[PDB]
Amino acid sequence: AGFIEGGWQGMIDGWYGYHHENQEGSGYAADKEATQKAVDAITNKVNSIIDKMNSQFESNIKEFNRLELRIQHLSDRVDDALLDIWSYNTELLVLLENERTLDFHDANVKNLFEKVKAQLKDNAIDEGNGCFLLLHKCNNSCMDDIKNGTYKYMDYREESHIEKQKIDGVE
């Protein structure tokens, strides 16, 4: 019903999409190639964090007597040192990547918005809520031209200029 400042429950079929309103009706449509580009990139990130760990064959012993106490002290020191390193680094890693992943999705819906804006130009009014109020008539064929980055500016320029003058007072 007009978000980008809010999520669309009932978007489906994709992460980033559109919602149109015209004479023929309403409806959601996902931008598949932009969604698939992010799905690929995120998949690669998760895989990198997971697949880049290739740990050696290693065996751990703590069952041991007294008389090498010195060795057992160092072995326990090493264990705990290793524990602190991996615990602290992984926590921070996960916190950091989550912050950036969220920023990654934001940048994606924002660039989708900027692409639409650069087509419509002054033929539409930015409602400031990620919606464009079109200053002309836009049938389903027009909507699909926008969703496909094929919308032609001049083909609606005059009709839009007329509609805006109406808005700017005619008396």
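Heads up: residue numbers just count along the shown sequence, starting at 1.
- Look at the C-alpha B-factors of 124-132 and of 101-109. On average they run higher in 124-132.
- In this crystal structure, the stretch out of 54-62 and 36-44 whose C-alpha atoms carry the higher mean B factor is 54-62.
- Annotation for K137: C-alpha temperature factor in the highest third relative to the rest of the modelled chain, per the entry.
- Remark: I146 belongs to the highest third of its chain, ranked by C-alpha B-factor as recorded.
- Looking at the C-alpha B-factors along this chain, the one for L67 belongs to the highest third.
- Sort the modelled residues of the chain by CA B factor and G6 lands in the middle third.
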